[PDB]
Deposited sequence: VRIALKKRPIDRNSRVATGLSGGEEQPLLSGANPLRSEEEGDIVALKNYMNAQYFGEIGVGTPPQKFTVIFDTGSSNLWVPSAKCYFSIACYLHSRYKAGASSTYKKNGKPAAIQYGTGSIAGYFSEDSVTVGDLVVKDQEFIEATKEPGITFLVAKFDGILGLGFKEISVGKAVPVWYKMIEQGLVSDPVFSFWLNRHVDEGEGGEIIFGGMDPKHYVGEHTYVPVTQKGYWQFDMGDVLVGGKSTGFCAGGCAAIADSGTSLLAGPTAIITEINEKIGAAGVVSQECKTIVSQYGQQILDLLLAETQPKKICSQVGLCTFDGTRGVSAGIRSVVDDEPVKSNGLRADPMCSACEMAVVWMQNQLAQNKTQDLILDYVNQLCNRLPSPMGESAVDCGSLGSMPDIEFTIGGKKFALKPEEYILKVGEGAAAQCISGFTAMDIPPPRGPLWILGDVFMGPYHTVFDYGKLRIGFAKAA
């Protein structure tokens, strides 16, 4: 089954909105859909009521606004499910609400027949939004989210549309792929088109069944490592997002080498002066890095985090055999490129010429991303506005320091979410 997608590229209004707007656990509460660029259509009910939705590998719920949503100004800009105008409707008033990064939705469950392409998924239980506050839904160019993730992370434990279609007998292979590079795109449930990619797919298994997350490796920028992820890093291939979200340590090194704006951090300028040489010498003395911020006496917390990071940038500078006398002054500069959680990390659009391809190691393979794949342009030519397609998600501690690979990576790389073989696979997009 072939599901076309339309690409509505991030514009000026979403950036100003994202600008004027967690970690321990939930990545769902971390999602920002204003960073969505590919939309599809489904239909809930009989006859089919049409809704633009985001096909999200990073969520496991389907939800659409309810006709019963009277108070959110957002519901007055999006479509609504009218249960009574639907023959096949079954009422499951179980209340529910999902908190995401730039918004929230609360409503109650219900059921009906959902239609993707030409599959009529019956009994599909879903959430009708009786309220959906947040700026993500104010600016939204979609109506719902159709979750393509695992049931484990499903609100109210509802059975996803994929589980239903890939059981009721609707799909061929219990696989599905996204080709977000129709230079629009296209999802295909139960298969994949060998015309959407060059060569074979590198398959790495799903490590934690909840998210479509696999164990990735290192991140290199311009050939040089970032060190932080060399010892492994989790990743979630999420099609309900664009920007690549990773550790702040790595992102701050990428902004330097890429020339991305970045905000000035004082705690960092502080660890540099006050503790700079202490940390370095401890590293030169080959003291255990973990033990450094503890010995040096910094591990309140906000300062301990600037230190931990400082230590990591330093080990890589030493790891890259860089001369000591410059490491402090270097780590001092990164302190000026901290990822701004508001102001976009804008890059000069002409400066793409001298940018370094960054790469990620997955499956033993290094998947490169040229500067014209990882920098986004959001504006009017002459005065357009390019930005680093990276974000700082301070990797859910112990929930795995992780990356979220979306449109920016899944755009250049054909992704095949393999449910039967519980693994993901990447191929060069055609």
Missing C-alpha runs, given along the deposited sequence, first residue counted as 1: 22-37, 200-204, 321-347
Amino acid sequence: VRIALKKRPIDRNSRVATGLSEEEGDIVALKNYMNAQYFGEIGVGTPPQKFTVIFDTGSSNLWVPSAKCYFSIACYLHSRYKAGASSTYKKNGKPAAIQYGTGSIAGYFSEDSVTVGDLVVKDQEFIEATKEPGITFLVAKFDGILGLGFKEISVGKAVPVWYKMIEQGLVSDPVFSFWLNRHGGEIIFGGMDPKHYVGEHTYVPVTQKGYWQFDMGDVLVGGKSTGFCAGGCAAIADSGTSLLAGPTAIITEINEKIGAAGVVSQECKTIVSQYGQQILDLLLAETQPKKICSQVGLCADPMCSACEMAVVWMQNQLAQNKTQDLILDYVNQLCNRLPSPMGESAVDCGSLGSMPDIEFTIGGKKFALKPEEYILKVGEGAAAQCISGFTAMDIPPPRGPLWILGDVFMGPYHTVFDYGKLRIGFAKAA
From here on, numbers count along this sequence of modelled residues.
Can you let me know which of the two, 366-374 or 400-408, has the higher average C-alpha B-factor in the entry? 400-408
Between 275-283 and 133-141, the record assigns the higher mean Cα B factor to 275-283
Comparing C-alpha B-factors across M303, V114, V347, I98 in this entry, the winner is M303
Among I153, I166, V198, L352, highest Cα B-factor in the entry goes to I166
Third of the chain's Cα B-factor distribution that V331 belongs to, per the entry: middle
When the deposited Cα B-factors of this chain's modelled residues are ordered and cut into thirds, is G246 in the lowest, the middle or the highest one? middle
Among all modelled residues of this chain, ranked by Cα B factor, put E267 in the bottom, middle or top third, i.e. lowest, middle or highest. middle
Please place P48 in the lowest, middle or highest third of its chain by C-alpha B factor as given in the entry. highest
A237, C-alpha B-factor rank within chain (lowest, middle or highest third): lowest
